[PDB]
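Novice: What follows is target-v6.cif, made up of mmCIF, C-alpha atoms and all ligand atoms:
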data_structure
#
loop_
_atom_site.label_atom_id
_atom_site.label_comp_id
_atom_site.auth_asym_id
_atom_site.auth_seq_id
_atom_site.Cartn_x
_atom_site.Cartn_y
_atom_site.Cartn_z
CA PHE A 13 -4.19 25.30 4.15
CA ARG A 14 -6.18 22.10 4.72
CA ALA A 15 -9.23 20.46 6.26
CA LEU A 16 -8.83 19.17 9.83
CA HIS A 17 -12.25 17.97 10.86
CA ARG A 18 -15.19 17.56 8.49
CA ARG A 19 -17.51 15.10 10.23
CA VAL A 20 -20.87 14.38 8.66
CA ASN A 21 -23.51 12.30 10.41
CA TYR A 22 -25.83 9.87 8.64
CA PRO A 23 -29.49 11.00 8.98
CA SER A 24 -31.44 8.13 10.53
CA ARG A 25 -34.46 8.82 8.33
CA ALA A 26 -32.37 8.27 5.18
CA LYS A 27 -31.10 5.00 6.62
CA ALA A 28 -34.68 3.91 7.45
CA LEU A 29 -36.01 4.86 4.01
CA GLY A 30 -33.12 3.07 2.22
CA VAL A 31 -32.36 6.31 0.37
CA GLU A 32 -28.93 7.11 -1.09
CA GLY A 33 -28.21 10.75 -1.65
CA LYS A 34 -26.03 13.69 -2.48
CA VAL A 35 -25.58 17.26 -1.29
CA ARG A 36 -23.46 19.93 -2.93
CA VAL A 37 -22.76 22.86 -0.67
CA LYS A 38 -20.74 26.07 -0.71
CA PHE A 39 -19.07 27.66 2.30
CA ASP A 40 -16.36 30.11 3.31
CA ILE A 41 -13.54 29.54 5.82
CA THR A 42 -12.58 32.20 8.40
CA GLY A 43 -9.01 33.07 9.34
CA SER A 44 -9.72 31.00 12.48
CA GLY A 45 -10.43 27.95 10.32
CA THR A 46 -14.19 27.84 11.03
CA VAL A 47 -16.92 27.49 8.39
CA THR A 48 -19.54 30.20 7.60
CA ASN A 49 -21.67 31.59 4.74
CA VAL A 50 -22.91 28.04 4.10
CA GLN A 51 -25.34 27.51 1.20
CA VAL A 52 -26.72 24.22 -0.11
CA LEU A 53 -26.40 24.20 -3.92
CA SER A 54 -28.37 20.99 -4.44
CA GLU A 55 -29.77 18.08 -2.44
CA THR A 56 -30.89 14.79 -3.96
CA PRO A 57 -33.50 13.80 -2.98
CA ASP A 58 -34.78 16.98 -1.32
CA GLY A 59 -35.49 17.40 2.39
CA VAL A 60 -33.52 14.38 3.64
CA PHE A 61 -29.86 15.41 3.98
CA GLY A 62 -29.42 19.15 3.52
CA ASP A 63 -30.49 20.55 6.89
CA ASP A 64 -28.41 18.00 8.79
CA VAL A 65 -25.35 18.65 6.64
CA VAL A 66 -25.53 22.39 7.29
CA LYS A 67 -25.74 21.69 11.02
CA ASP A 68 -22.73 19.40 10.86
CA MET A 69 -20.70 21.93 8.89
CA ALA A 70 -21.03 24.47 11.71
CA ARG A 71 -18.44 22.36 13.61
CA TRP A 72 -15.98 21.84 10.78
CA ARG A 73 -12.37 22.87 11.25
CA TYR A 74 -9.60 23.90 8.90
CA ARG A 75 -5.99 25.00 9.25
CA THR A 76 -5.43 28.26 7.34
CA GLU A 77 -3.17 31.31 7.07
CA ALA A 78 -6.06 33.51 5.83
CA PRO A 79 -9.81 33.39 5.09
CA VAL A 80 -10.83 31.41 1.98
CA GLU A 81 -13.99 32.07 -0.01
CA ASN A 82 -16.43 29.90 -1.94
CA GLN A 83 -15.25 26.38 -1.20
CA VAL A 84 -17.56 23.67 -2.47
CA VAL A 85 -17.89 20.03 -1.49
CA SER A 86 -19.97 17.14 -2.63
CA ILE A 87 -21.29 14.94 0.18
CA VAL A 88 -22.40 11.52 -0.99
CA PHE A 89 -24.44 9.11 1.17
CA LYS A 90 -24.67 5.43 0.18
CA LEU A 91 -26.08 2.28 1.75
CA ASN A 92 -24.61 0.70 4.87
CA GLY A 93 -23.55 4.02 6.42
CA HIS A 94 -21.17 5.26 3.71
CA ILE A 95 -20.49 9.03 3.56
CA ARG A 96 -17.77 10.77 1.56
CA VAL A 97 -16.80 14.43 1.34
CA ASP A 98 -15.15 15.50 -1.96
CA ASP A 99 -13.74 18.93 -2.72
CA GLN A 100 -14.88 20.66 -5.91
CA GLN A 101 -14.33 24.12 -7.44
CA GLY A 102 -16.41 27.23 -6.66
CA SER A 103 -17.87 29.40 -9.45
CA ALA A 104 -19.76 32.71 -9.61
CA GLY A 105 -22.93 30.64 -9.34
CA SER A 106 -21.85 28.61 -6.29
CA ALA A 107 -21.00 31.84 -4.45
CA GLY A 108 -24.65 32.86 -4.78
CA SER A 109 -24.51 35.29 -7.71
CA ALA A 110 -27.58 36.66 -9.55
CA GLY A 111 -28.84 34.68 -12.53
CA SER A 112 -28.21 31.09 -13.59
CA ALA A 113 -25.14 29.46 -15.13
CA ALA A 114 -25.48 28.57 -18.81
CA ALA A 115 -26.61 24.94 -19.01
CA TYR A 116 -26.13 22.34 -21.71
CA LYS A 117 -27.78 19.09 -22.64
CA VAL A 118 -25.76 15.99 -21.86
CA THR A 119 -26.62 12.79 -23.71
CA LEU A 120 -25.13 9.68 -22.07
CA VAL A 121 -24.83 6.45 -24.05
CA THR A 122 -24.77 3.83 -21.29
CA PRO A 123 -24.59 0.02 -21.50
CA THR A 124 -28.30 0.02 -20.56
CA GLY A 125 -29.32 2.72 -23.05
CA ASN A 126 -29.35 6.47 -23.53
CA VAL A 127 -30.28 9.20 -21.05
CA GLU A 128 -30.34 12.96 -21.32
CA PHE A 129 -30.26 15.77 -18.76
CA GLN A 130 -29.25 19.40 -18.30
CA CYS A 131 -25.79 20.13 -16.83
CA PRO A 132 -24.79 23.67 -15.72
CA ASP A 133 -21.43 24.86 -17.07
CA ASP A 134 -20.10 24.91 -13.50
CA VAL A 135 -21.10 21.34 -12.61
CA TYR A 136 -19.20 18.21 -13.51
CA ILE A 137 -20.79 15.60 -15.77
CA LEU A 138 -20.77 12.97 -13.00
CA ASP A 139 -22.45 15.29 -10.49
CA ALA A 140 -25.26 16.30 -12.89
CA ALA A 141 -25.81 12.62 -13.76
CA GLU A 142 -26.07 11.84 -10.04
CA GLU A 143 -28.55 14.69 -9.61
CA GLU A 144 -30.68 13.09 -12.36
CA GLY A 145 -30.48 9.80 -10.45
CA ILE A 146 -28.16 7.97 -12.87
CA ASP A 147 -25.55 5.60 -11.39
CA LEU A 148 -22.24 6.16 -13.13
CA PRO A 149 -18.96 4.57 -12.01
CA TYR A 150 -16.39 6.42 -9.97
CA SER A 151 -13.86 5.89 -7.23
CA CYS A 152 -11.31 8.64 -6.61
CA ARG A 153 -13.59 11.54 -7.75
CA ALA A 154 -10.37 13.50 -8.13
CA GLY A 155 -9.57 13.20 -11.83
CA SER A 156 -6.81 10.74 -10.90
CA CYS A 157 -8.04 7.25 -12.04
CA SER A 158 -9.90 5.36 -14.82
CA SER A 159 -13.15 4.55 -13.01
CA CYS A 160 -15.34 7.32 -14.46
CA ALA A 161 -13.86 7.10 -18.00
CA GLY A 162 -15.99 7.82 -21.00
CA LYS A 163 -15.63 8.67 -24.69
CA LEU A 164 -16.70 12.10 -25.98
CA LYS A 165 -18.65 11.57 -29.23
CA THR A 166 -19.69 15.15 -29.90
CA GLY A 167 -19.36 18.60 -28.40
CA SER A 168 -16.68 20.05 -26.17
CA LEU A 169 -15.62 19.69 -22.55
CA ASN A 170 -13.44 21.51 -20.10
CA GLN A 171 -11.23 18.91 -18.40
CA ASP A 172 -8.78 21.32 -16.81
CA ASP A 173 -9.40 19.67 -13.42
CA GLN A 174 -8.45 16.13 -14.55
CA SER A 175 -4.94 14.68 -14.50
CA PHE A 176 -4.93 10.91 -15.23
CA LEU A 177 -5.40 11.27 -19.01
CA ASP A 178 -2.47 12.42 -21.13
CA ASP A 179 -2.57 14.91 -24.04
CA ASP A 180 -2.98 12.14 -26.56
CA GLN A 181 -5.95 10.52 -24.83
CA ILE A 182 -7.82 13.80 -24.43
CA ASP A 183 -7.21 14.51 -28.12
CA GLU A 184 -8.64 11.04 -28.93
CA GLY A 185 -11.89 11.87 -27.04
CA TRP A 186 -11.27 10.35 -23.61
CA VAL A 187 -13.10 11.98 -20.68
CA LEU A 188 -12.94 11.62 -16.89
CA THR A 189 -16.54 12.40 -16.11
CA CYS A 190 -15.89 13.30 -12.43
CA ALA A 191 -13.68 16.22 -13.51
CA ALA A 192 -15.22 17.38 -16.80
CA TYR A 193 -17.58 20.33 -17.38
CA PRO A 194 -19.65 20.75 -20.56
CA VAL A 195 -19.03 23.87 -22.57
CA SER A 196 -21.62 22.85 -25.20
CA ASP A 197 -24.21 20.09 -25.55
CA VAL A 198 -22.23 16.83 -25.43
CA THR A 199 -22.68 13.11 -26.09
CA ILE A 200 -20.58 10.76 -23.95
CA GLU A 201 -20.33 6.99 -23.98
CA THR A 202 -19.96 5.88 -20.35
CA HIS A 203 -18.48 2.85 -18.63
CA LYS A 204 -15.32 2.85 -20.78
CA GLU A 205 -12.72 2.32 -18.04
CA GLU A 206 -11.55 -0.99 -19.49
CA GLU A 207 -11.16 0.44 -22.97
CA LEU A 208 -9.24 3.43 -21.64
CA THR A 209 -6.40 1.53 -19.96
CA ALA A 210 -6.14 -1.41 -22.45
CA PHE B 13 1.25 23.46 -8.08
CA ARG B 14 -0.64 20.44 -9.44
CA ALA B 15 -0.56 17.32 -11.59
CA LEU B 16 -1.48 17.78 -15.26
CA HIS B 17 -0.90 14.41 -16.87
CA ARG B 18 -0.22 11.21 -14.96
CA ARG B 19 -1.17 8.42 -17.37
CA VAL B 20 -0.49 4.85 -16.34
CA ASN B 21 -0.96 1.94 -18.73
CA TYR B 22 -2.28 -1.47 -17.70
CA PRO B 23 0.40 -4.18 -18.24
CA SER B 24 -1.10 -6.84 -20.49
CA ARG B 25 0.61 -9.63 -18.56
CA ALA B 26 -1.17 -8.58 -15.34
CA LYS B 27 -4.47 -8.57 -17.20
CA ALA B 28 -3.75 -12.06 -18.61
CA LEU B 29 -2.70 -13.47 -15.23
CA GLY B 30 -5.78 -11.98 -13.48
CA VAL B 31 -3.45 -10.27 -11.00
CA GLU B 32 -4.44 -7.15 -9.04
CA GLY B 33 -1.59 -5.07 -7.76
CA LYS B 34 -0.05 -2.04 -6.16
CA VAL B 35 3.06 0.08 -6.63
CA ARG B 36 4.28 2.80 -4.30
CA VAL B 37 6.83 5.08 -5.90
CA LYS B 38 8.78 8.22 -5.05
CA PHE B 39 9.78 10.92 -7.52
CA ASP B 40 10.85 14.54 -7.76
CA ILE B 41 9.38 17.26 -10.00
CA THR B 42 11.60 19.71 -11.93
CA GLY B 43 10.89 23.41 -12.29
CA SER B 44 9.72 22.48 -15.81
CA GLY B 45 7.09 20.16 -14.33
CA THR B 46 8.75 16.90 -15.47
CA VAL B 47 9.36 13.86 -13.26
CA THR B 48 12.84 12.53 -12.29
CA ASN B 49 14.71 10.72 -9.49
CA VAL B 50 12.03 8.00 -9.64
CA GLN B 51 12.33 5.09 -7.19
CA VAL B 52 9.87 2.24 -6.65
CA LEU B 53 9.28 1.82 -2.90
CA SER B 54 7.25 -1.38 -3.19
CA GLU B 55 5.53 -3.50 -5.83
CA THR B 56 2.93 -6.16 -5.07
CA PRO B 57 3.33 -8.72 -6.50
CA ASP B 58 6.91 -8.20 -7.69
CA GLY B 59 8.02 -7.99 -11.32
CA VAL B 60 4.60 -7.29 -12.86
CA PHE B 61 3.91 -3.54 -12.59
CA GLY B 62 6.99 -1.65 -11.42
CA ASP B 63 9.09 -1.40 -14.58
CA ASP B 64 6.11 -0.29 -16.66
CA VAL B 65 5.08 2.31 -14.10
CA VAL B 66 8.55 3.85 -14.08
CA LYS B 67 8.44 4.05 -17.88
CA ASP B 68 5.05 5.72 -17.79
CA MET B 69 6.17 8.24 -15.18
CA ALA B 70 8.89 9.53 -17.51
CA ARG B 71 6.08 11.28 -19.46
CA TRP B 72 4.19 12.73 -16.51
CA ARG B 73 3.54 16.46 -16.37
CA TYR B 74 2.95 18.93 -13.58
CA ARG B 75 2.37 22.66 -13.32
CA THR B 76 4.79 24.19 -10.80
CA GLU B 77 6.46 27.45 -9.73
CA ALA B 78 9.56 25.58 -8.45
CA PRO B 79 11.05 22.07 -8.17
CA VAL B 80 9.39 19.76 -5.60
CA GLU B 81 11.17 16.87 -3.89
CA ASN B 82 10.11 13.44 -2.67
CA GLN B 83 6.55 13.14 -3.90
CA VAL B 84 5.03 9.70 -3.42
CA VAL B 85 2.06 8.05 -5.07
CA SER B 86 0.29 4.77 -4.71
CA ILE B 87 -0.76 3.18 -8.00
CA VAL B 88 -3.43 0.53 -7.60
CA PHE B 89 -4.41 -1.91 -10.38
CA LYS B 90 -7.69 -3.85 -10.10
CA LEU B 91 -9.68 -6.15 -12.37
CA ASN B 92 -11.39 -4.95 -15.54
CA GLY B 93 -8.74 -2.32 -16.33
CA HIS B 94 -9.00 -0.18 -13.19
CA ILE B 95 -5.98 1.99 -12.29
CA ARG B 96 -5.87 4.79 -9.71
CA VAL B 97 -3.08 7.15 -8.72
CA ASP B 98 -3.24 8.48 -5.12
CA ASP B 99 -0.91 11.04 -3.60
CA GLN B 100 0.77 10.18 -0.29
CA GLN B 101 3.42 11.86 1.89
CA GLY B 102 7.20 11.47 1.46
CA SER B 103 9.46 10.59 4.41
CA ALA B 104 13.23 10.29 4.95
CA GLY B 105 12.84 6.65 3.96
CA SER B 106 10.90 7.29 0.73
CA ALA B 107 13.59 9.75 -0.39
CA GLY B 108 16.09 6.89 -0.29
CA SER B 109 17.85 7.51 3.02
CA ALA B 110 20.23 5.03 4.72
CA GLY B 111 18.70 2.54 7.14
CA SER B 112 15.11 1.38 7.59
CA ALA B 113 12.12 3.14 9.15
CA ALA B 114 11.06 1.80 12.54
CA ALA B 115 8.33 -0.78 11.96
CA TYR B 116 5.51 -1.95 14.18
CA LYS B 117 3.24 -4.96 14.31
CA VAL B 118 -0.32 -4.34 13.21
CA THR B 119 -2.98 -6.79 14.35
CA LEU B 120 -6.22 -6.49 12.35
CA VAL B 121 -9.44 -7.95 13.73
CA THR B 122 -11.49 -8.50 10.56
CA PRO B 123 -14.97 -10.00 10.10
CA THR B 124 -13.21 -13.12 8.76
CA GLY B 125 -10.64 -13.33 11.57
CA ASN B 126 -7.35 -11.86 12.72
CA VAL B 127 -4.24 -11.08 10.68
CA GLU B 128 -0.90 -9.59 11.63
CA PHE B 129 1.85 -7.86 9.63
CA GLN B 130 4.67 -5.34 9.96
CA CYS B 131 3.94 -1.70 9.05
CA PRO B 132 6.76 0.88 8.72
CA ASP B 133 6.17 4.13 10.63
CA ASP B 134 6.02 5.98 7.30
CA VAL B 135 3.40 3.74 5.67
CA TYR B 136 -0.34 3.93 6.20
CA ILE B 137 -2.20 1.01 7.75
CA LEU B 138 -4.23 0.42 4.58
CA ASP B 139 -1.13 0.37 2.36
CA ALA B 140 0.74 -2.13 4.57
CA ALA B 141 -2.37 -4.34 4.69
CA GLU B 142 -2.53 -4.23 0.89
CA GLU B 143 1.16 -5.15 0.69
CA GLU B 144 0.38 -8.21 2.85
CA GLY B 145 -2.42 -9.08 0.41
CA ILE B 146 -5.35 -8.24 2.71
CA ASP B 147 -8.45 -6.66 1.13
CA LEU B 148 -9.63 -3.80 3.30
CA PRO B 149 -12.38 -1.36 2.29
CA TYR B 150 -11.66 2.08 0.93
CA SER B 151 -12.94 4.59 -1.56
CA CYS B 152 -11.57 8.14 -1.38
CA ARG B 153 -8.11 7.14 0.00
CA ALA B 154 -7.85 10.75 1.09
CA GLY B 155 -8.89 10.67 4.74
CA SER B 156 -12.20 12.24 3.70
CA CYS B 157 -14.88 9.47 4.04
CA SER B 158 -16.04 6.52 6.20
CA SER B 159 -15.10 3.61 3.92
CA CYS B 160 -11.83 2.58 5.59
CA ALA B 161 -13.08 3.16 9.18
CA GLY B 162 -11.83 1.03 12.00
CA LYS B 163 -11.66 1.05 15.80
CA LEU B 164 -8.28 1.31 17.56
CA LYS B 165 -8.25 -1.23 20.42
CA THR B 166 -4.68 -0.76 21.60
CA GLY B 167 -1.60 1.27 20.80
CA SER B 168 -1.25 4.66 19.19
CA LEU B 169 -1.64 6.11 15.70
CA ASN B 170 -0.72 9.26 13.88
CA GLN B 171 -3.82 10.43 12.00
CA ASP B 172 -2.60 13.91 11.16
CA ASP B 173 -3.40 13.27 7.49
CA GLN B 174 -7.10 12.41 8.05
CA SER B 175 -9.95 14.92 8.14
CA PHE B 176 -13.38 13.20 8.17
CA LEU B 177 -13.28 12.26 11.88
CA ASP B 178 -13.80 14.96 14.49
CA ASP B 179 -11.88 15.39 17.76
CA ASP B 180 -14.44 13.41 19.68
CA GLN B 181 -14.36 10.39 17.37
CA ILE B 182 -10.56 10.20 17.35
CA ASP B 183 -10.62 10.36 21.16
CA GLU B 184 -13.15 7.48 21.16
CA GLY B 185 -10.75 5.29 19.10
CA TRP B 186 -11.99 5.82 15.54
CA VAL B 187 -9.40 5.42 12.77
CA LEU B 188 -9.36 6.09 9.02
CA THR B 189 -6.97 3.37 7.99
CA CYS B 190 -6.05 5.00 4.63
CA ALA B 191 -4.57 8.00 6.47
CA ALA B 192 -3.21 6.52 9.72
CA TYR B 193 0.39 5.58 10.54
CA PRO B 194 1.32 3.34 13.49
CA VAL B 195 3.59 4.84 16.09
CA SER B 196 3.54 1.64 18.19
CA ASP B 197 2.22 -1.89 17.74
CA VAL B 198 -1.55 -1.50 17.25
CA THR B 199 -4.73 -3.59 17.18
CA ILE B 200 -7.51 -2.33 14.90
CA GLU B 201 -10.97 -3.71 14.27
CA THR B 202 -11.72 -3.20 10.57
CA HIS B 203 -14.87 -2.86 8.50
CA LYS B 204 -16.52 -0.43 10.96
CA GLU B 205 -17.84 2.14 8.48
CA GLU B 206 -21.47 1.52 9.43
CA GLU B 207 -20.77 1.84 13.14
CA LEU B 208 -18.82 5.05 12.60
CA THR B 209 -21.58 7.07 10.92
CA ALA B 210 -24.59 5.61 12.85
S1 LIG C 301 -13.41 8.76 -10.39
FE1 LIG C 301 -11.23 8.74 -10.53
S2 LIG C 301 -10.90 10.12 -12.25
FE2 LIG C 301 -13.04 10.23 -12.00
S1 LIG C 302 -10.96 5.64 2.09
FE1 LIG C 302 -11.96 7.54 2.48
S2 LIG C 302 -11.08 8.11 4.44
FE2 LIG C 302 -10.00 6.30 3.97
K K C 303 -17.08 35.37 2.55
K K C 304 15.77 15.99 -6.15
NI NI C 305 -3.58 17.93 -27.83
NI NI C 306 -9.18 15.09 21.90
#
Take the structure from the file and write it as structure tokens.
Specialist:
Amino acid sequence: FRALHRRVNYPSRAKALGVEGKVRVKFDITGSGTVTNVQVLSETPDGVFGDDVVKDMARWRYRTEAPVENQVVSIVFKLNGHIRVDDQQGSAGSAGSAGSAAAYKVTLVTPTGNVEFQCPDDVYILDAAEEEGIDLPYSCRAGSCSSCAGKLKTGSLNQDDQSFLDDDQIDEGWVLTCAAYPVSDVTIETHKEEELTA
Amino acid sequence: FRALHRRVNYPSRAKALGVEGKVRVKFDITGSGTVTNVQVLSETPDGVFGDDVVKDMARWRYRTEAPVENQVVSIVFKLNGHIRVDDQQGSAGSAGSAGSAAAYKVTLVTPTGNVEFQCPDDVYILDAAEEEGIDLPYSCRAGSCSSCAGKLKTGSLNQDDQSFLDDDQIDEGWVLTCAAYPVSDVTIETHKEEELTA
């Protein structure tokens, strides 16, 4: 089971406007490996990337032994033509269920001051920060490096999807923000990569 | 089957020396999820990161239904405490087999001029360029973005491990250098991300 072809085109209007952006989208895969049941979960900013991404996804291809439901990706667009497609985890809410995920208030303590936003319980800290237009560090986006490291000051997180931290570090409050969901209101100090690996 | 804890520490001597680096290492996983049969494949530069990485890997943890052989990761160390662990694909050669993989000459045509090095048939273009001390762009390292894009001018590649390019783009000569192996001598123009997604 794996992706074969997942091309995304860069919308010329975004390029022209000098807009960076982000789409999170859910889809199913058929036993033939084609993509259907596509639903945009979020698009930042709105009306620039979503429609084009859905069009592109019609031509995606996977290899699979059976249909697969409720896949989710993040599609990030940055300056100078950069696009990346990152796999995330589907939830009841991503699949299109009735009602809204519980959401919690995230307080980030950043080198340039504090910021606060809502984060659904099925969205990673990083993603919700990006949706609020905050620029947090990252590189792998796969819970497998130090880039997105922060320190949890209060509250509780689910970091089941991370892997670069050991037991000890999690217990000491370390967080990989690309792979962590809030399960309460939380306060996280960001930009702590260098402190993590020291 | 998945990684749970893969902590790597930053060697203080590397920090002090202002050295960036890279280790590629093979290991097996036990049915208990512990790591054994560890062998460094390459370390750049030598004698700075390898021994410490092997020590760290003794404490790694996986979840698994059965033992798994001949896993390989790349471990990259950059300035300001950055470490990332990226999964790659094992080969006869990574497992420790007799004799050497066939190797091919890679010619890179970079914005700052041309460079040439050997690349084994079981090592990705990006990795071999990094081992030769060339700084090529990348971000996901998972064949799922535009960052490492180049244009294949001559020769042939295996890009089975990539997924962001479609059929058409591969046929036109596009290459994701983080996920491409040479199967002949090749010439690749690098730094073509913006041209790819345009
Ligand atoms: S960006 Fe690598 S662990 Fe979050
Ligand atoms: S770095 Fe993303 S495809 Fe190579
Ligand atoms: K379905
Ligand atoms: K073994
Ligand atoms: Ni613990
Ligand atoms: Ni073709």
Novice: Find the distance between CA of residue 81 in chain B and atom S1 of ligand LIG 302 (chain C) and write it in Å to one decimal.
Specialist: 25.5 Å
Novice: Using only C-alpha atoms, find which residues of chain B lie within 6 Å of chain A and jot them down as a PyMOL selection string.
Specialist: chain B and resi 15-19+21-22+92-97+151-152+156-158+175-178+206+209
Novice: For ligand LIG 301 (chain C), which residue out of A:191, A:47, A:37, A:120 is the nearest one, using all atoms listed in the file?
Specialist: A:191
Novice: Could you tell me, counting all atoms listed in the file, which protein and nucleic acid residues lie no more than 7 Å from ligand NI 305 (chain C), written as a PyMOL selection string?
Specialist: chain A and resi 179-180+182-183
Novice: Which distance in Å separates CA of residue 197 in chain A and CA of residue 148 in chain A, to one decimal?
Specialist: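 It comes out at 18.8 Å.
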Novice: Looking at only C-alpha atoms, which of B:41, B:60, B:118, B:29 is the one that sits closest to residue 75 in chain B?
Specialist: B:41
Novice: Quick one: residues within 12 Å of residue 59 in chain A, only C-alpha atoms, excluding same-chain residues fewer than 3 positions away - as a list in words?
Specialist: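 Counting only the stated atoms, we get residues 23, 25, 26, 31, 33, 34, 35, 52, 54, 55, 56, 62, 63, 64 and 65 of chain A.
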Novice: Could you state the separation of CA of residue 51 in chain A and CA of residue 82 in chain A in Å, given to one decimal place?
Specialist: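 So the two atoms, CA of residue 51 in chain A and CA of residue 82 in chain A, lie 9.7 Å apart.
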Novice: Please write out the residues within 9 Å of ligand K 304 (chain C) as a PDB file with C-alpha atoms, keeping the file's coordinate frame, counting all atoms listed in the file.
Specialist:
ATOM      1  CA  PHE B  39       9.780  10.920  -7.520  1.00  0.00           C
ATOM      2  CA  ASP B  40      10.850  14.540  -7.760  1.00  0.00           C
ATOM      3  CA  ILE B  41       9.380  17.260 -10.000  1.00  0.00           C
ATOM      4  CA  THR B  42      11.600  19.710 -11.930  1.00  0.00           C
ATOM      5  CA  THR B  48      12.840  12.530 -12.290  1.00  0.00           C
ATOM      6  CA  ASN B  49      14.710  10.720  -9.490  1.00  0.00           C
ATOM      7  CA  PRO B  79      11.050  22.070  -8.170  1.00  0.00           C
ATOM      8  CA  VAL B  80       9.390  19.760  -5.600  1.00  0.00           C
ATOM      9  CA  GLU B  81      11.170  16.870  -3.890  1.00  0.00           C
ATOM     10  CA  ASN B  82      10.110  13.440  -2.670  1.00  0.00           C
ATOM     11  CA  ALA B 107      13.590   9.750  -0.390  1.00  0.00           C
TER      12      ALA B 107
END
Novice: Leaving out range 128-141 of chain B and any residue of its chain fewer than 4 positions from it, which residues lie within 6 Å of it when counting all atoms listed in the file, given as number ranges by chain?
Specialist: B: 113-119, 146, 189-194
Novice: I need the residue nearest residue 32 in chain B from this list: B:196, B:203, B:58, B:102. Use only C-alpha atoms for the distance.
Specialist: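 Answer, going by the shortest atom-to-atom distance: B:58.
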Novice: Pick the closest to ligand K 303 (chain C) from A:110, A:84, A:121, A:50: which is it, counting all atoms listed in the file?
Specialist: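 Checking each of A:110, A:84, A:121, A:50 against ligand K 303 (chain C), counting all atoms listed in the file, the winner is A:50.
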Novice: May I ask which of the residues A:112, A:103, A:202, A:83 is the closest one to ligand K 303 (chain C), counting all atoms listed in the file?
Specialist: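 Closest residue, counting all atoms listed in the file: A:83.
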Novice: Can you tell me, as AutoDock Vina command-line options, the centre and edge lengths (Å, one decimal) of the axis-aligned box enclosing all of ligand LIG 301 (chain C)'s listed atoms after padding each side by 8 Å?
Specialist:
--center_x -12.2 --center_y 9.5 --center_z -11.3 --size_x 18.5 --size_y 17.5 --size_z 17.9
Novice: Pick from A:66, A:188, A:127, A:164: nearest to residue 149 in chain A, with all atoms listed in the file counted?
Specialist: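 With all atoms listed in the file as the atom set, the closest residue is A:188.
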